[PDB]
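Q: Dropping the structure in here first, questions after.
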């Protein structure tokens, strides 16, 4: 939802950043929050609204 | 006006210092024992066939000017007084001339020996320091290719001579360990476990600090040389997996020989290579630079030239003297009218 | 001198700031809040983009300025290129993956590690060659980033 | 680490973090295979070598936490330079003879500390190395007891 | 570790442990004799001969605590050079006074006449050292060389 | 500053790709360059009017 | 002499490595040989 600075990479002989944020598609609405899943210790997905 | 044109420039007299130094440079991927053999040949010379001149030699292996490495060596030569070496043949002038000739006479490697420039650096007198830059963001191989083209096609200008050579250069064969990322994760070993094993056992790892007789000192873990002299010694190293048993390197690593530079220069945030050259036995600086500027302008795209240390910047005798004697003439004529007056007397002296 | 004093007390508050903000910038400079020159760089041929021109202008020009003649701070109108990875929550759910697994997989595969050298530094007398070892190298292109094994 | 690594992971991070330094004509770089890099910012003849000293250090302070944890502990320093020695002070043994490892440690853990901090010294290059707790691993003996350098 | 047996794995058992230098890249010899040196590089600006005047002094106070055979040598020093670029100036200066003293005695003759122009010469030179500080100028050597060009 | 900011910009123009052109949407340089031309002209007139 | 002090940069003030004291000699001379001499020439002689 905010974007994460992972590390740096080389682009044509120059050090540049690497960002992971996810498509806008899945962050324009408050209902898109529950669409995100996080796995538990027993190794299966759990939604946000839960 | 003829005697003031045939006479050359010169910046500052290259004076005897009482101390001079030599330099040693070896081929691609040489060893410390190989350098010592050459350093022992250099240190021998001064102590053996030049006793009544040399006071002492501070020979250092591994240390080289322009950059350290298991490839370079230098020695600081002290000389015995000034009165104890009377002749023109007994002071630096000819000692270096002898040493340069003696070392270059017969050598499998490369040794120079030179004199202190009697200052810090910036500008010898007529020689130059060129720099070629990667402008468009090409490859290092393409930069070296354009650097080659410059050196090679400037070498075909001995008519209006120059003497151009690069610095460092080498570009030595390197050993690349290619870790199969998917094979490693399939058999159960961590990437953090492998890269530490490859890093600490071949490069050495700074763990922490410890106290040695009331003083904080470092703790290093590297492993015996025995097990890191050969590319076959790589597979001898083992890393345990998740199921708790040892796995060798060759089972997940590909071994390949590859070319690569051991010294990469950069100028103003952009990749670059330093070129060091000369003026000419006839021409001096002005034409020597102008030639080098379009010998570089006739190279591939995005190769843009620049100048550095000797490239002044804005100094010398030229562009200094015409404004030196200028106001040494506007005032010389002027105060030659103080208590003097007319347009006569400022020619009764001026000329 | 007023420039460096303030920076040294920032240096005492530097490690109290989160690790996310530490990597992301932090700087001290002289200010005027009024521009001398705005240098517009437009395309009038094989037209690039706001993403494309802003990257080039930063990865070719901006570096030469700001370090030049008495510049306080250059505000680049745009942004230089970064390896933008746009996650899909449903596709993450389909293979039991969280952004954490994505991030962890990046610094594990897109990394610049340093290994020692053949013939080391305290060597065995009789060693003929001395060459450096290259292991993992930093990834260069979008296709190489499309091949990270999760 | 190799020459290509130290250029991309250290040199480029420091160079790109050199903007807005009062006066300067150029900057040079080296990035060696030994894993060492030097960046020299050359200033105009007449600039305050004390203020030009600290400005550059403060932009290094912004690129400091972007450098790997391995290089952070290992040095990092800014000082004034001349690249020409005034004195070389040779310290030899002529009795119960020590070693290159032994003299170089003593000369650093008894003398070097008193110099460099004394009268207007730029940087003392100690000809050798001070003692460290050197642990020389054996891969076969590591294999025998299921152990990794980790 | 302590594997299922009751045995013990020590760092001496797995690795050779010795007290050695942190890096093995650079080694030096003094006339082929193994030795370490204190190579001192100058700071930008600073003060050359004023530096070496105290660099010996810092080295001087640790000599008594030295163990067996630890001796200080000087493979490279710039101090005696600058110490000579004045002794080769004052000697030229003094000669330039006596060589004047004789020329005065040649053309106009008599000590009661040679004195006057020879008393006027050290004062101008002395007062020049004084006016080197002044306002915002120098105070150096080679300036004590253009001194003889002015003599 | 602006006397060398153009100069830093001047040496990278040749390596520019297709259509990359420099424009000047905002510059304070011609103003100061005029606050002298409107002074010398007044100065010269003040000499001739004298 | 003194307008040599409109020198260069990396030939530092090498041309200002005088002009100043050759003047600080000549102007000192045309100050010492101005006040003194005339005085010393009046005391001694004949």
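Protein chains in written order, with our numbering: chain A, 468 to 517; chain B, 23 to 373; chain C, 5 to 154; chain D, 100 to 249; chain E, 33 to 183; chain F, 223 to 272; chain G, 15 to 60.
Think of the CB as a built atom: it goes at the ideal place given N, C-alpha and C, for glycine as much as any other residue.
1. State the start and end residues of the unbroken alpha helix (DSSP H) segment that holds residue 425(B).
2. Under the assumption that residue 172(B) contacts residue 154(B) (Cβ atoms under 8 Å), give the Cβ distance between them as a whole number of angstroms.
3. Could you give the distance in angstroms between the alpha-carbon of residue 97(E) and the alpha-carbon of residue 62(E)?
4. Give me the residue from 197(B), 151(B), 124(B) and 96(B) with the minimum Cα distance to residue 312(B).
5. With distances taken from CA atoms, which of 34(C), 45(C) and 20(C) is nearest residue 234(F)?
6. Would you mind stating whether residue 90(C) and residue 516(A) have Cβ atoms separated by less than 8 Å?
7. At what residue ranges does the segment 191-254 of chain B contain a whole run of the beta strand (DSSP E), taking only runs of 3 or more?
8. Any C-beta of chain A within less than 9 Å: which residues of the segment 91-115 of chain C qualify?
9. Check the Cβ of residue 67(C) against every Cβ in chain D and list those closer than 7 Å, keeping chain order.
10. Can you tell me whether residue 236(F) is helix, strand or coil according to DSSP?
11. Around the C-beta of residue 72(C), are 16 or more other C-beta atoms found within 10 angstroms, so that it is buried, or is it exposed?
12. Under a three-way DSSP split, which group does residue 67(E) fall into?
13. From residue 158(D) to residue 134(C), what distance separates their C-alpha atoms?
14. Considering residue 308(B), what are the terminal residues of the alpha helix (DSSP H) in which it resides?
15. Less than 8 Å separating the beta-carbons of residue 201(B) and residue 275(B)?
16. Look up residue 281(B) in the DSSP assignment and give the residues it is bridged to.
17. Strictly below 9 Å CB to CB, what residues from chain D border residue 77(C)?
18. Could you have a look at residue 49(B) and say whether DSSP puts it in helix, strand or coil?
19. Can you check whether the C-beta of residue 45(E) is within less than 8 Å of a C-beta belonging to chain C?
20. Could you pull the DSSP bridge partners for residue 177(E) from this structure?
21. Residues in its own chain within less than 7 Å of residue 305(B) by CB, not counting five upstream and five downstream?
22. For residue 117(B), write down the residues that DSSP places opposite it in a beta bridge.
23. Which two residues bound the contiguous alpha helix (DSSP H) that contains residue 107(B)?
24. What are the residues that DSSP puts in a beta bridge with residue 328(B)?
25. So, with DSSP's three-state summary, where would you put residue 104(D)?
26. The ligand SAM and residue 87(B): does the residue's C-beta get closer than 7 Å to at least one heavy atom of that ligand?
27. Are the Cβ atoms of residue 130(E) and residue 153(E) separated by less than 8 Å?
28. Along chain D, which residues have their Cβ under 8 Å away from the Cβ of residue 228(B)?
29. With H, G and I counted as helix, E and B as strand and the rest as coil, what does DSSP make of residue 173(D)?
30. What are the residues of the segment 177-199 of chain D that lie near chain E, defined by any Cβ-Cβ distance shorter than 9 Å?
31. Can you tell me which of 186(D), 245(D) and 114(D) puts its alpha carbon nearest to the alpha carbon of residue 108(E)?
32. Check the Cβ-Cβ distances between residue 129(E) and every residue of chain G, and say whether any is below 8 Å.
33. Label residue 174(B) either buried or exposed according to how many other C-beta atoms from any shown protein chain fall within 10 Å of its C-beta, with 16 as the threshold for buried.
34. Counting only Cβ pairs nearer than 8 Å, list the residues of chain E close to residue 69(B).
35. Judging by CA-CA distance, which residue of 28(G), 24(G), 48(G) and 23(G) is the nearest neighbour of residue 170(E)?
A: Looking at the atomic coordinates:
1. Not covered by the structure: residue 425(B). The range shown for chain B is 23 to 373.
2. 6 Å
3. 22 Å
4. 151(B)
5. 45(C)
6. no
7. 194-201, 227-233 and 238-243
8. 91, 92, 93, 94, 96, 97, 100, 101, 102, 103, 104, 105, 106, 107, 110, 111, 114 and 115
9. 115
10. helix
11. buried
12. strand
13. 36 Å
14. 308-317
15. yes
16. 195(B)
17. 118 and 119
18. coil
19. no
20. Looking at the DSSP assignment, residue 177(E) forms no beta bridge with any residue, so it has no partner.
21. 182
22. Paired residues: none, contrary to the question.
23. Careful: residue 107(B) lies outside any alpha helix (DSSP H) and carries neither H nor E.
24. 153(B)
25. helix
26. Looking at this structure, you won't find the ligand SAM or any other ligand, since it has none at all.
27. no
28. 169, 172 and 173
29. coil
30. 178, 179, 180, 181, 182, 183, 184, 185, 186, 187, 188, 189, 190, 191, 192, 193, 194, 195, 196, 197, 198 and 199
31. 186(D)
32. no
33. exposed
34. 63 and 64
35. 28(G)
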